[PDB]
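Only one chain is shown below, in structure tokens, and it's the form deposited in one PDB entry.
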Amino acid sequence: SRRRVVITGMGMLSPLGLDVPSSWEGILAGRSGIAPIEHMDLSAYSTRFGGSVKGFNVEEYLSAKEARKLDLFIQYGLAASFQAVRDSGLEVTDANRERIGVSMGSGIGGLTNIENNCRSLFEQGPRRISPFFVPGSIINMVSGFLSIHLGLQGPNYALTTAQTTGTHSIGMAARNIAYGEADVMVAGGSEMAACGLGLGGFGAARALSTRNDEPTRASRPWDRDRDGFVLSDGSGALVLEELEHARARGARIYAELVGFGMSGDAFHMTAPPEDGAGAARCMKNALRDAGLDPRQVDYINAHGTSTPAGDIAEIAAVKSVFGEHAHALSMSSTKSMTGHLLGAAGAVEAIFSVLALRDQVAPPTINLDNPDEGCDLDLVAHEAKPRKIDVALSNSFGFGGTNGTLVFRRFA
């Protein structure tokens, strides 16, 4: 047997806003957070734009001195985590601190810090490298710093599954609670890969949109004129909680997390199979885990990265899994607005999936001006669609053919 898991707290930094409600207001208005990247010379680069977090004040969370020790991706993950825990109303005590853990991940981790410490090393030598270089750059330090700050003594770990990180982080945290290893987990992901290395690295692979002239139109999932993904920064964190634990303290419950699927494509290092066999296996695994028929799914938050092969693989996967229900569900890519937060994508998209349930509205896929060949599903083109949503899926597909699917259900 298995315990039930609900969402009692959410937190976010995104290109749309410095918290959940501002981000979500942008999402339902079809607003783009994409813009040319500032305070950075990108002349030599084929991509000059992305989704930056705008106006982030780390001193709302940390002293300047503790903030100086940490890469931006860690600052962003801590901000989302602190928001989520505050939003949950949870009181940590000696009676429960061993039952409260953290799993906040990242796909790429501390590139900005690595870049700045490379500058020191090359020019001046190793004696200029910061003493906090390692602990301030390693991916497990969101989980680490959060546990130390809040006194959390439960399971403490971090996933790194590239663009699947946030989805796997939340799913494996839900398993920890379901199987009695924890009663509460803070789970999600964070990313800040807008350094030369991030834009240069994805740029060297020709993976990014190069629509420098119209950055807000660059992320156009399933549109025939798409030319790759848009790199974005930020963080998402959820408070996952055992149902009886949440009820006993009178928690506000957003939604129930009923299913989690994982699969490997075993296909290609960076490309998904054109038929989306791996994504179909992963969604079937998640629905089986939830004890739900494909027909019960109402809303899918796609991975929908705006890459040629990825977007078409997801259409094929949804048609394969859902058959005669494939057109009845609504599927949208919020990456059309936020761009691709890499390891944080799954985290912010799980939050948008939960709010789709709260508000009974499918967020839009903006920029979907000319659907590509066979992209004929309800992709919620251009504008939000109020509709019935009892069951919402959130899919992530990443490098190494790593797949994750979360299934959320309305709670009443």
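Take the two forms, find the largest set of C-alpha atoms that superpose within 1.5 Å, and that set is the rigid core. The first residue of the shown sequence is 1; numbering continues from there.
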*Which stretch is less alike in 9 other deposited structures of this protein, 342-350 or 32-40, counting RMS CA distance after the rigid core is superposed?*
32-40
*Between 116-124 and 218-226, pick out the one whose C-alpha positions differ more from the shown form in 9 other deposited structures of this protein, using the rigid core for superposition.*
116-124
*Return whichever of 263-271 and 177-185 has the greater mean Cα B factor according to the PDB record.*
263-271
*According to the deposited model, is the average Cα temperature factor higher in 26-34 or in 342-350?*
26-34
*Considering only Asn117, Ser103, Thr167, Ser81, which residue's Cα atom bears the greatest B-factor as recorded?*
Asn117
*Third of the chain's Cα B-factor distribution that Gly310 belongs to, per the entry*: middle
*Can you tell me which third, lowest, middle or highest, the CA B-factor of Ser130 falls into for its chain?*
highest
*asked:* Among the modelled residues of this chain, does the Cα B factor of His327 put it in the lowest, middle or highest third?
replied: highest
*Report the third (lowest, middle or highest) to which the CA temperature factor of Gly171 belongs, ranking only the modelled residues of the same chain.*
lowest
*Within this chain, which third does the Cα B-factor at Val239 fall in: lowest, middle or highest?*
lowest
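The following text describes the form solved in complex with a small molecule, which does not appear among the structures shown.
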*Quick one: is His268 in contact with the small molecule in the deposited bound form, heavy atoms, 4.5 Å cut-off?*
yes
*May I ask you to state whether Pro15 is within 4.5 Å of the small molecule in the deposited bound form, using heavy atom distances?*
no
*Indicate whether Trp24 is a 4.5 Å heavy atom neighbour of the small molecule in the deposited bound form.*
no
*the small molecule contact at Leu243 in the deposited bound form, heavy atom, 4.5 Å*: no
